[PDB]
$ cat data19.tsv   # TSV, C-alpha atoms and all ligand atoms
chain	number	residue	atom	x	y	z
I	3	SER	CA	50.58	-44.73	224.50
I	4	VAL	CA	53.93	-42.97	223.93
I	5	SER	CA	55.46	-40.88	226.70
I	6	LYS	CA	57.67	-37.83	226.23
I	7	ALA	CA	61.39	-37.80	226.93
I	8	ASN	CA	62.97	-35.43	229.42
I	9	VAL	CA	65.24	-33.30	227.23
I	10	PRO	CA	66.55	-30.31	229.18
I	11	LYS	CA	67.44	-26.96	227.65
I	12	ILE	CA	71.00	-26.06	228.67
I	13	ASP	CA	72.32	-22.50	228.33
I	14	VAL	CA	75.78	-23.25	226.93
I	15	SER	CA	76.91	-19.63	226.75
I	16	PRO	CA	79.28	-19.95	229.78
I	17	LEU	CA	81.41	-22.39	227.76
I	18	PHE	CA	82.48	-19.48	225.54
I	19	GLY	CA	83.60	-17.50	228.60
I	20	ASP	CA	86.12	-17.47	231.44
I	21	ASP	CA	83.92	-17.99	234.53
I	22	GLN	CA	85.22	-21.41	235.56
I	23	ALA	CA	82.51	-22.07	238.16
I	24	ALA	CA	79.78	-21.26	235.64
I	25	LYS	CA	81.35	-23.74	233.21
I	26	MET	CA	81.25	-26.44	235.89
I	27	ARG	CA	77.54	-25.80	236.41
I	28	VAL	CA	77.01	-26.33	232.67
I	29	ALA	CA	79.14	-29.48	232.82
I	30	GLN	CA	76.94	-30.83	235.61
I	31	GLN	CA	73.85	-30.41	233.43
I	32	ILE	CA	75.58	-32.14	230.50
I	33	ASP	CA	76.56	-35.03	232.78
I	34	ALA	CA	73.01	-35.40	234.11
I	35	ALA	CA	71.49	-35.38	230.62
I	36	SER	CA	74.11	-37.78	229.26
I	37	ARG	CA	73.32	-40.26	232.06
I	38	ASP	CA	69.52	-40.00	231.64
I	39	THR	CA	68.01	-40.10	228.12
I	40	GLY	CA	71.24	-38.97	226.44
I	41	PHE	CA	69.77	-35.88	224.74
I	42	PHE	CA	69.76	-32.19	225.59
I	43	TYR	CA	69.05	-28.94	223.77
I	44	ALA	CA	71.86	-26.38	223.63
I	45	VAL	CA	70.37	-22.88	223.85
I	46	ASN	CA	71.93	-19.42	223.78
I	47	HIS	CA	74.37	-20.82	221.20
I	48	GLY	CA	74.88	-17.69	219.08
I	49	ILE	CA	74.34	-19.27	215.64
I	50	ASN	CA	71.92	-17.61	213.25
I	51	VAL	CA	69.72	-20.65	212.58
I	52	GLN	CA	67.14	-18.60	210.68
I	53	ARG	CA	69.64	-17.95	207.89
I	54	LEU	CA	70.73	-21.59	208.02
I	55	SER	CA	67.19	-22.80	207.38
I	56	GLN	CA	66.43	-20.20	204.69
I	57	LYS	CA	69.57	-20.81	202.62
I	58	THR	CA	69.08	-24.58	202.89
I	59	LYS	CA	65.48	-24.38	201.69
I	60	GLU	CA	66.47	-22.18	198.75
I	61	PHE	CA	69.01	-24.84	197.73
I	62	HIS	CA	66.81	-27.95	198.00
I	63	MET	CA	63.88	-26.32	196.20
I	64	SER	CA	65.84	-24.97	193.21
I	65	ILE	CA	68.35	-27.73	192.30
I	66	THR	CA	67.47	-29.62	189.14
I	67	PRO	CA	67.77	-33.29	188.14
I	68	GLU	CA	70.70	-32.38	185.88
I	69	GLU	CA	72.62	-30.83	188.79
I	70	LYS	CA	71.80	-33.76	191.08
I	71	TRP	CA	73.42	-36.25	188.69
I	72	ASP	CA	76.46	-33.97	188.40
I	73	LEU	CA	76.83	-33.94	192.20
I	74	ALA	CA	75.74	-37.49	193.01
I	75	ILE	CA	77.77	-39.83	195.21
I	76	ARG	CA	78.95	-43.09	193.65
I	77	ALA	CA	75.92	-45.01	194.96
I	78	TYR	CA	73.85	-43.10	192.37
I	79	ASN	CA	76.47	-42.30	189.71
I	80	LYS	CA	79.07	-44.91	188.71
I	81	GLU	CA	81.37	-42.23	187.23
I	82	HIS	CA	82.05	-40.65	190.64
I	83	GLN	CA	84.14	-43.37	192.24
I	84	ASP	CA	85.89	-40.83	194.51
I	85	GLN	CA	82.62	-39.56	196.05
I	86	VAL	CA	81.66	-41.93	198.86
I	87	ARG	CA	80.73	-39.32	201.49
I	88	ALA	CA	80.56	-35.89	199.83
I	89	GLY	CA	77.89	-34.97	197.31
I	90	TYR	CA	74.18	-35.35	196.67
I	91	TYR	CA	72.08	-38.30	197.83
I	92	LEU	CA	69.16	-38.54	195.42
I	93	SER	CA	65.57	-39.30	196.19
I	94	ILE	CA	63.81	-41.92	194.07
I	95	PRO	CA	60.32	-40.74	193.06
I	96	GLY	CA	57.71	-43.24	194.18
I	97	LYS	CA	60.25	-45.24	196.21
I	98	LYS	CA	62.58	-43.09	198.35
I	99	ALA	CA	61.51	-39.73	199.77
I	100	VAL	CA	64.54	-38.36	201.59
I	101	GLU	CA	67.28	-36.48	199.77
I	102	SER	CA	70.37	-34.81	201.16
I	103	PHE	CA	73.65	-33.05	200.43
I	104	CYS	CA	76.80	-33.83	202.43
I	105	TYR	CA	80.02	-31.84	202.60
I	106	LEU	CA	83.24	-32.20	204.56
I	107	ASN	CA	86.11	-30.09	205.86
I	108	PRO	CA	86.56	-27.19	203.39
I	109	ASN	CA	90.31	-27.49	204.04
I	110	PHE	CA	90.32	-30.84	202.19
I	111	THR	CA	91.73	-29.63	198.87
I	112	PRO	CA	93.90	-31.37	196.23
I	113	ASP	CA	96.88	-29.83	198.06
I	114	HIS	CA	95.98	-31.45	201.40
I	115	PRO	CA	98.40	-34.28	202.33
I	116	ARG	CA	95.56	-36.65	203.28
I	117	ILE	CA	94.11	-36.08	199.82
I	118	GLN	CA	97.52	-36.54	198.20
I	119	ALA	CA	98.00	-39.79	200.14
I	120	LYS	CA	94.49	-40.95	199.14
I	121	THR	CA	93.67	-41.68	202.77
I	122	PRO	CA	90.20	-43.24	203.19
I	123	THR	CA	87.26	-41.08	204.39
I	124	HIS	CA	88.97	-37.90	203.10
I	125	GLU	CA	87.39	-36.27	200.04
I	126	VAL	CA	87.26	-32.93	198.25
I	127	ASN	CA	83.81	-31.35	198.42
I	128	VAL	CA	81.75	-30.96	195.26
I	129	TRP	CA	79.64	-27.84	194.81
I	130	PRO	CA	76.89	-26.67	192.46
I	131	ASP	CA	77.47	-23.96	189.88
I	132	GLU	CA	77.90	-20.57	191.56
I	133	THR	CA	75.81	-18.80	188.92
I	134	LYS	CA	72.82	-21.10	189.51
I	135	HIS	CA	73.13	-21.06	193.33
I	136	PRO	CA	74.77	-17.72	194.15
I	137	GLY	CA	76.22	-17.46	197.63
I	138	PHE	CA	75.39	-21.07	198.56
I	139	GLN	CA	78.97	-22.34	198.82
I	140	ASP	CA	80.06	-19.24	200.74
I	141	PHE	CA	77.18	-19.76	203.16
I	142	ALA	CA	77.79	-23.49	203.64
I	143	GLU	CA	81.53	-23.16	204.28
I	144	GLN	CA	80.94	-20.35	206.79
I	145	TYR	CA	78.32	-22.47	208.55
I	146	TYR	CA	80.80	-25.35	208.87
I	147	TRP	CA	83.13	-23.13	210.91
I	148	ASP	CA	80.23	-21.62	212.88
I	149	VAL	CA	79.05	-25.03	214.10
I	150	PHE	CA	82.67	-26.16	214.48
I	151	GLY	CA	83.04	-23.33	217.00
I	152	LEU	CA	79.89	-24.32	218.86
I	153	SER	CA	81.03	-27.95	218.88
I	154	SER	CA	84.46	-27.07	220.29
I	155	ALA	CA	82.76	-25.35	223.24
I	156	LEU	CA	80.45	-28.33	223.82
I	157	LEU	CA	83.47	-30.66	223.95
I	158	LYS	CA	84.91	-28.53	226.75
I	159	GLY	CA	81.69	-29.13	228.66
I	160	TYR	CA	81.84	-32.90	228.11
I	161	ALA	CA	85.48	-32.97	229.24
I	162	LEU	CA	84.70	-31.12	232.48
I	163	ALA	CA	81.64	-33.29	233.09
I	164	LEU	CA	83.89	-36.37	233.03
I	165	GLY	CA	86.49	-34.89	235.39
I	166	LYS	CA	89.06	-34.05	232.69
I	167	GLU	CA	90.73	-30.79	231.74
I	168	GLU	CA	88.63	-28.84	229.29
I	169	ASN	CA	90.78	-29.59	226.21
I	170	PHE	CA	90.70	-33.38	226.67
I	171	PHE	CA	88.50	-33.84	223.59
I	172	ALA	CA	88.89	-30.47	221.88
I	173	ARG	CA	92.64	-30.87	221.41
I	174	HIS	CA	91.88	-33.64	218.87
I	175	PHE	CA	89.24	-31.52	217.06
I	176	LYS	CA	91.23	-29.35	214.67
I	177	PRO	CA	90.37	-27.34	211.54
I	178	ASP	CA	93.24	-28.81	209.51
I	179	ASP	CA	92.19	-32.47	209.77
I	180	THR	CA	88.70	-32.95	211.28
I	181	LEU	CA	86.61	-35.59	209.51
I	182	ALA	CA	83.41	-33.84	210.66
I	183	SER	CA	80.54	-33.58	208.18
I	184	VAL	CA	77.43	-31.46	207.60
I	185	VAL	CA	74.39	-33.11	206.00
I	186	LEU	CA	71.57	-30.97	204.58
I	187	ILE	CA	68.56	-33.32	204.61
I	188	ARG	CA	65.19	-32.61	203.02
I	189	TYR	CA	62.19	-34.63	204.20
I	190	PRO	CA	59.45	-33.69	201.71
I	191	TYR	CA	55.71	-33.47	201.86
I	192	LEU	CA	54.31	-36.01	199.40
I	193	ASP	CA	50.75	-36.86	198.43
I	194	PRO	CA	50.42	-39.80	197.98
I	195	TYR	CA	53.38	-40.77	200.15
I	196	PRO	CA	55.24	-43.78	198.66
I	197	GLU	CA	54.69	-46.85	200.83
I	198	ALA	CA	58.19	-48.14	200.04
I	199	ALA	CA	59.65	-45.14	201.91
I	200	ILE	CA	57.81	-46.06	205.14
I	201	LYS	CA	59.17	-48.74	207.46
I	202	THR	CA	57.11	-50.46	210.17
I	203	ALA	CA	58.82	-50.92	213.52
I	204	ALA	CA	58.49	-54.04	215.65
I	205	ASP	CA	56.09	-52.08	217.87
I	206	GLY	CA	53.92	-50.98	214.92
I	207	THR	CA	55.25	-47.41	214.62
I	208	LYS	CA	55.68	-46.04	211.10
I	209	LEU	CA	59.27	-44.87	210.57
I	210	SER	CA	61.38	-42.95	208.08
I	211	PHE	CA	64.67	-44.27	209.54
I	212	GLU	CA	65.18	-47.25	211.86
I	213	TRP	CA	66.90	-47.49	215.24
I	214	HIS	CA	70.61	-46.79	215.29
I	215	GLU	CA	73.51	-45.46	217.29
I	216	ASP	CA	75.30	-42.47	215.79
I	217	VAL	CA	78.72	-42.82	214.20
I	218	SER	CA	80.27	-39.78	215.88
I	219	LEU	CA	81.86	-38.45	219.02
I	220	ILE	CA	78.86	-36.16	219.44
I	221	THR	CA	76.11	-35.09	217.06
I	222	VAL	CA	74.99	-31.47	216.86
I	223	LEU	CA	71.60	-31.30	215.14
I	224	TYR	CA	69.36	-28.50	213.92
I	225	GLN	CA	65.86	-29.50	212.78
I	226	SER	CA	62.81	-27.54	211.79
I	227	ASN	CA	59.82	-27.46	214.13
I	228	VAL	CA	58.23	-30.82	213.31
I	229	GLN	CA	58.29	-33.56	215.94
I	230	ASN	CA	59.88	-36.76	214.62
I	231	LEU	CA	62.64	-38.17	216.85
I	232	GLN	CA	62.26	-40.94	219.43
I	233	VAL	CA	64.81	-42.21	221.96
I	234	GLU	CA	64.82	-45.74	223.33
I	235	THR	CA	64.63	-46.30	227.08
I	236	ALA	CA	64.16	-49.48	229.07
I	237	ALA	CA	60.43	-48.68	229.21
I	238	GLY	CA	60.14	-48.15	225.45
I	239	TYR	CA	60.55	-45.36	222.94
I	240	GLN	CA	59.84	-41.78	224.04
I	241	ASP	CA	59.08	-38.77	221.85
I	242	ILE	CA	61.66	-35.97	221.69
I	243	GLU	CA	59.88	-32.62	221.45
I	244	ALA	CA	60.97	-30.31	218.66
I	245	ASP	CA	62.54	-26.88	219.17
I	246	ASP	CA	63.65	-24.93	216.11
I	247	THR	CA	65.71	-22.38	218.06
I	248	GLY	CA	68.10	-24.83	219.75
I	249	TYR	CA	70.55	-27.54	218.78
I	250	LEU	CA	69.83	-31.11	219.83
I	251	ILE	CA	72.94	-32.85	221.16
I	252	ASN	CA	73.72	-36.52	221.80
I	253	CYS	CA	76.76	-38.79	222.07
I	254	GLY	CA	77.92	-41.15	219.34
I	255	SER	CA	79.35	-44.62	219.74
I	256	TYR	CA	82.94	-43.34	219.99
I	257	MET	CA	82.05	-41.56	223.23
I	258	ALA	CA	80.50	-44.79	224.53
I	259	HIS	CA	83.66	-46.69	223.66
I	260	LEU	CA	86.09	-44.36	225.39
I	261	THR	CA	84.00	-43.97	228.58
I	262	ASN	CA	83.34	-47.73	228.94
I	263	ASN	CA	79.65	-47.00	228.29
I	264	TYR	CA	79.41	-44.46	231.13
I	265	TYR	CA	77.97	-42.06	228.53
I	266	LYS	CA	75.98	-44.40	226.30
I	267	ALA	CA	75.28	-43.67	222.65
I	268	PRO	CA	71.47	-43.32	222.83
I	269	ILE	CA	69.54	-45.51	220.42
I	270	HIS	CA	67.05	-43.40	218.48
I	271	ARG	CA	64.84	-43.52	215.39
I	272	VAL	CA	62.92	-41.17	213.08
I	273	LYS	CA	59.12	-41.43	212.96
I	274	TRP	CA	57.34	-41.03	209.65
I	275	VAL	CA	55.57	-37.68	209.40
I	276	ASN	CA	54.11	-36.35	206.16
I	277	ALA	CA	55.43	-32.81	206.38
I	278	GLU	CA	58.03	-30.73	204.57
I	279	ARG	CA	60.93	-30.36	207.01
I	280	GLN	CA	64.70	-30.05	207.34
I	281	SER	CA	67.21	-32.09	209.34
I	282	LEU	CA	70.73	-30.59	209.43
I	283	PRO	CA	73.21	-32.65	211.46
I	284	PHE	CA	76.85	-31.84	212.13
I	285	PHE	CA	78.73	-35.02	213.01
I	286	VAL	CA	81.64	-34.19	215.30
I	287	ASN	CA	84.47	-36.46	214.15
I	288	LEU	CA	88.13	-36.20	215.12
I	289	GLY	CA	91.16	-36.72	212.86
I	290	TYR	CA	92.13	-39.89	211.04
I	291	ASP	CA	94.93	-40.78	213.49
I	292	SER	CA	93.27	-39.38	216.63
I	293	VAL	CA	93.41	-41.87	219.51
I	294	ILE	CA	91.96	-41.31	222.99
I	295	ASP	CA	92.91	-43.84	225.65
I	296	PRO	CA	89.64	-45.25	227.05
I	297	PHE	CA	88.88	-44.77	230.73
I	298	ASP	CA	86.14	-45.73	233.19
I	299	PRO	CA	84.76	-42.82	235.26
I	300	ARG	CA	83.19	-45.32	237.69
I	301	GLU	CA	86.54	-46.61	238.94
I	302	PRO	CA	88.75	-44.58	241.31
I	303	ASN	CA	91.81	-45.28	239.15
I	304	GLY	CA	89.76	-44.78	235.98
I	305	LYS	CA	91.31	-47.95	234.58
I	306	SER	CA	89.67	-49.62	231.58
I	307	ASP	CA	90.50	-52.79	229.65
I	308	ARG	CA	89.16	-51.52	226.31
I	309	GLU	CA	91.61	-51.13	223.45
I	310	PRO	CA	92.37	-47.65	222.13
I	311	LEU	CA	90.58	-47.20	218.82
I	312	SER	CA	91.91	-44.98	216.05
I	313	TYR	CA	89.18	-42.63	214.89
I	314	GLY	CA	89.87	-43.22	211.20
I	315	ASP	CA	89.33	-46.97	211.52
I	316	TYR	CA	86.26	-46.41	213.68
I	317	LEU	CA	84.73	-44.05	211.13
I	318	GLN	CA	85.43	-46.24	208.09
I	319	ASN	CA	83.85	-49.29	209.73
I	320	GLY	CA	80.94	-47.40	211.26
I	321	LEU	CA	79.77	-45.65	208.10
I	322	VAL	CA	79.75	-48.90	206.11
I	323	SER	CA	77.99	-50.72	208.97
I	324	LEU	CA	75.23	-48.10	209.19
I	325	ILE	CA	74.58	-48.29	205.44
I	326	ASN	CA	74.36	-52.09	205.68
I	327	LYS	CA	71.93	-52.06	208.63
I	328	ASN	CA	69.60	-49.16	207.80
I	329	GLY	CA	70.09	-48.77	204.04
I	330	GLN	CA	71.66	-46.34	201.59
I	331	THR	CA	70.33	-42.84	202.31
H	1	LIG	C1	68.68	-38.52	212.77
H	1	LIG	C2	69.24	-37.40	211.90
H	1	LIG	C3	70.64	-37.01	212.37
H	1	LIG	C4	69.24	-37.80	210.41
H	1	LIG	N1	69.89	-39.08	210.20
H	1	LIG	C5	71.16	-39.17	209.80
H	1	LIG	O1	71.83	-38.20	209.46
H	1	LIG	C6	71.79	-40.57	209.84
H	1	LIG	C7	71.57	-41.16	211.22
H	1	LIG	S1	72.45	-40.29	212.54
H	1	LIG	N2	73.21	-40.49	209.55
H	1	LIG	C8	73.78	-41.07	208.50
H	1	LIG	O2	73.14	-41.65	207.63
H	1	LIG	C9	75.29	-40.97	208.44
H	1	LIG	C10	75.78	-39.91	207.47
H	1	LIG	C11	77.30	-39.80	207.43
H	1	LIG	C12	77.78	-38.81	206.34
H	1	LIG	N3	77.28	-39.17	205.01
H	1	LIG	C13	79.30	-38.73	206.35
H	1	LIG	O3	79.98	-39.14	205.43
H	1	LIG	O4	79.78	-38.17	207.43
H	1	LIG	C14	67.83	-37.81	209.85
H	1	LIG	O5	67.06	-36.89	210.04
H	1	LIG	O6	67.54	-38.89	209.17
H	2	FE	FE	71.19	-40.52	214.50

$ encode --input "data19.tsv" --output "structure tokens" --more "lines below"
Ligand SMILES: CC(C)[C@@H](NC(=O)[C@H](CS)NC(=O)CCC[C@H](N)C(=O)O)C(=O)O
Ligand SMILES: [Fe+2]
Amino acid sequence: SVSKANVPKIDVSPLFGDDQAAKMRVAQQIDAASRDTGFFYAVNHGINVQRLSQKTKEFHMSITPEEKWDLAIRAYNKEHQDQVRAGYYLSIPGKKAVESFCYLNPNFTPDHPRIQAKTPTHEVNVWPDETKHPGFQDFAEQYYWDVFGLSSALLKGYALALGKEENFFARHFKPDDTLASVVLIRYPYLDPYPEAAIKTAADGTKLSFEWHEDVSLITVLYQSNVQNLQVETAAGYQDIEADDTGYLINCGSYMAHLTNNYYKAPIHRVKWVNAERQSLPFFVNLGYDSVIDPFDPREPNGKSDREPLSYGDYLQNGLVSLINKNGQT
């Protein structure tokens, strides 16, 4: 029936160091994975993912309907016209199973010039009451900078893999303006499971979320130990095995654009599984005005005829497009 994808485990610890040859050997493994299925697991990453999962569970399982309305994005609460990205994405009992909480750069405050200018895709995070969820905000903001650090190191690997100096991507990935987001997704156990929340793929597979390419430069994902992801290959969809100690990494469609599809954005989908689990992506986005001149690693000169694409315009279009194709999450 369904084969299993080759997803290598890459020790990324050299990318935090100064052994340049060891970093090249990591870059080679990133290149090979990016040209095969497009996924790899980053191991020896140094992030306490046990505390991540525990604090996230405590939040999902203790927030009340009252608090969810207070935090809801505008899709679920007409009063919150300024919350398009950041806030709570409600489940709909009997109809929609998944629920999530999304937050952005903690440096996006009312004092931030992008917030003053009302620039699209920039928002101030909303948080639950500290007394009802003690330590949650402190944990979540710290985690943002923890995975920001991991992501910066990974971008050095991708740069070296493509033959560029190690700051080629990372120089556009800055704490003061990154549009990167964390999403804390709960997939619940439900009995009976609402049929409306299950989609049937063309090939008969039951899905929670249909095929898509990620709107990101790269995606840095922690999931609990329940198998669910599939990646499309020419020979059909292949199962991605779960590993709840590592981060699963793949390219988004901005990487595909700027490399002239040398590193494709892998198409993937989420199988339906009736099990309580967590999916915690960090979407590595650059700044609103970040532009990287596209290039083609296949050509000696590296010349490409693709237009440079501003990351802000890419992100605004891509988020809307994904909602329109696969539905409001
Ligand atoms: C496949 C996983 C990453 C996860 N899916 C997802 O997170 C899906 C597909 S990548 N992503 C989205 O809907 C885009 C969220 C963007 C976010 N609100 C923002 O403003 O930045 C899942 O488990 O459903
Ligand atoms: Fe995805």

$ closest_residue --input "data19.tsv" --among "I:176, I:300, I:124, I:166" --to "ligand LIG 1 (chain H)" --atoms "all atoms listed in the file"
I:124

$ closest_residue --input "data19.tsv" --among "I:231, I:88, I:29, I:74" --to "ligand FE 2 (chain H)" --atoms "all atoms listed in the file"
I:231

$ residues_near_ligand --input "data19.tsv" --ligand "ligand LIG 1 (chain H)" --cutoff "8 Å" --atoms "all atoms listed in the file" --output "CSV table (one decimal) with C-alpha atoms, in the coordinates of the input"
chain,number,residue,atom,x,y,z
I,86,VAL,CA,81.7,-41.9,198.9
I,87,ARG,CA,80.7,-39.3,201.5
I,88,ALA,CA,80.6,-35.9,199.8
I,104,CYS,CA,76.8,-33.8,202.4
I,105,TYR,CA,80.0,-31.8,202.6
I,106,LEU,CA,83.2,-32.2,204.6
I,123,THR,CA,87.3,-41.1,204.4
I,181,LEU,CA,86.6,-35.6,209.5
I,182,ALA,CA,83.4,-33.8,210.7
I,183,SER,CA,80.5,-33.6,208.2
I,184,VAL,CA,77.4,-31.5,207.6
I,185,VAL,CA,74.4,-33.1,206.0
I,187,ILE,CA,68.6,-33.3,204.6
I,189,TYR,CA,62.2,-34.6,204.2
I,210,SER,CA,61.4,-43.0,208.1
I,211,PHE,CA,64.7,-44.3,209.5
I,214,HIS,CA,70.6,-46.8,215.3
I,215,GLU,CA,73.5,-45.5,217.3
I,216,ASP,CA,75.3,-42.5,215.8
I,217,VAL,CA,78.7,-42.8,214.2
I,221,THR,CA,76.1,-35.1,217.1
I,223,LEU,CA,71.6,-31.3,215.1
I,225,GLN,CA,65.9,-29.5,212.8
I,231,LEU,CA,62.6,-38.2,216.8
I,270,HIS,CA,67.0,-43.4,218.5
I,271,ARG,CA,64.8,-43.5,215.4
I,272,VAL,CA,62.9,-41.2,213.1
I,280,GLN,CA,64.7,-30.0,207.3
I,281,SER,CA,67.2,-32.1,209.3
I,282,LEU,CA,70.7,-30.6,209.4
I,283,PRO,CA,73.2,-32.6,211.5
I,285,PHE,CA,78.7,-35.0,213.0
I,321,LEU,CA,79.8,-45.6,208.1
I,324,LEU,CA,75.2,-48.1,209.2
I,325,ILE,CA,74.6,-48.3,205.4
I,330,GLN,CA,71.7,-46.3,201.6
I,331,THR,CA,70.3,-42.8,202.3

$ closest_residue --input "data19.tsv" --among "I:70, I:174, I:57, I:65" --to "residue 137 (chain I)" --atoms "only C-alpha atoms"
I:57

$ closest_residue --input "data19.tsv" --among "I:159, I:122, I:41, I:63" --to "ligand FE 2 (chain H)" --atoms "only C-alpha atoms and all ligand atoms"
I:41

$ atom_distance --input "data19.tsv" --atom1 "CA of residue 20 (chain I)" --atom2 "CA of residue 168 (chain I)"
11.8 Å

$ atom_distance --input "data19.tsv" --atom1 "CA of residue 255 (chain I)" --atom2 "CA of residue 320 (chain I)"
9.1 Å

$ closest_residue --input "data19.tsv" --among "I:165, I:268, I:304, I:314" --to "ligand FE 2 (chain H)" --atoms "all atoms listed in the file"
I:268

$ residues_around --input "data19.tsv" --residues "region 139-148 of chain I" --least-positions-apart "6" --cutoff "8 Å" --atoms "all atoms listed in the file" --output "list in words"
residues 49, 54, 57, 107, 108, 129, 130, 132 and 184 of chain I

$ closest_residue --input "data19.tsv" --among "I:52, I:180, I:8, I:328" --to "residue 246 (chain I)" --atoms "only C-alpha atoms"
I:52

$ build_atoms --input "data19.tsv" --residues "region 97-109 of chain I" --atoms "N, CA and C atoms" --output "mmCIF file, in the frame of the given file"
data_model
loop_
_atom_site.group_PDB
_atom_site.id
_atom_site.type_symbol
_atom_site.label_atom_id
_atom_site.label_comp_id
_atom_site.auth_asym_id
_atom_site.auth_seq_id
_atom_site.Cartn_x
_atom_site.Cartn_y
_atom_site.Cartn_z
ATOM 1 N N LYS I 97 59.575 -44.182 195.459
ATOM 2 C CA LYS I 97 60.250 -45.240 196.210
ATOM 3 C C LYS I 97 60.973 -44.706 197.439
ATOM 4 N N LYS I 98 61.748 -43.631 197.280
ATOM 5 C CA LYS I 98 62.580 -43.090 198.350
ATOM 6 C C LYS I 98 62.343 -41.587 198.441
ATOM 7 N N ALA I 99 61.952 -41.116 199.627
ATOM 8 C CA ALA I 99 61.510 -39.730 199.770
ATOM 9 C C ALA I 99 62.653 -38.807 200.146
ATOM 10 N N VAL I 100 63.533 -39.250 201.038
ATOM 11 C CA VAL I 100 64.540 -38.360 201.590
ATOM 12 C C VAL I 100 65.625 -38.075 200.563
ATOM 13 N N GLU I 101 66.108 -36.837 200.546
ATOM 14 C CA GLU I 101 67.280 -36.480 199.770
ATOM 15 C C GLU I 101 68.151 -35.560 200.609
ATOM 16 N N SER I 102 69.451 -35.570 200.336
ATOM 17 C CA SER I 102 70.370 -34.810 201.160
ATOM 18 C C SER I 102 71.622 -34.430 200.379
ATOM 19 N N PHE I 103 72.380 -33.505 200.965
ATOM 20 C CA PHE I 103 73.650 -33.050 200.430
ATOM 21 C C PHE I 103 74.651 -33.022 201.580
ATOM 22 N N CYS I 104 75.788 -33.686 201.386
ATOM 23 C CA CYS I 104 76.800 -33.830 202.430
ATOM 24 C C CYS I 104 78.097 -33.180 201.979
ATOM 25 N N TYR I 105 78.714 -32.415 202.881
ATOM 26 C CA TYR I 105 80.020 -31.840 202.600
ATOM 27 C C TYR I 105 80.894 -31.968 203.842
ATOM 28 N N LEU I 106 82.193 -31.888 203.599
ATOM 29 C CA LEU I 106 83.240 -32.200 204.560
ATOM 30 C C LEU I 106 84.050 -30.945 204.858
ATOM 31 N N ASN I 107 85.149 -31.140 205.572
ATOM 32 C CA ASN I 107 86.110 -30.090 205.860
ATOM 33 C C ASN I 107 86.456 -29.293 204.599
ATOM 34 N N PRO I 108 86.157 -27.992 204.554
ATOM 35 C CA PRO I 108 86.560 -27.190 203.390
ATOM 36 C C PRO I 108 88.069 -27.118 203.178
ATOM 37 N N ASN I 109 88.866 -27.467 204.182
ATOM 38 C CA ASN I 109 90.310 -27.490 204.040
ATOM 39 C C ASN I 109 90.816 -28.716 203.294
#
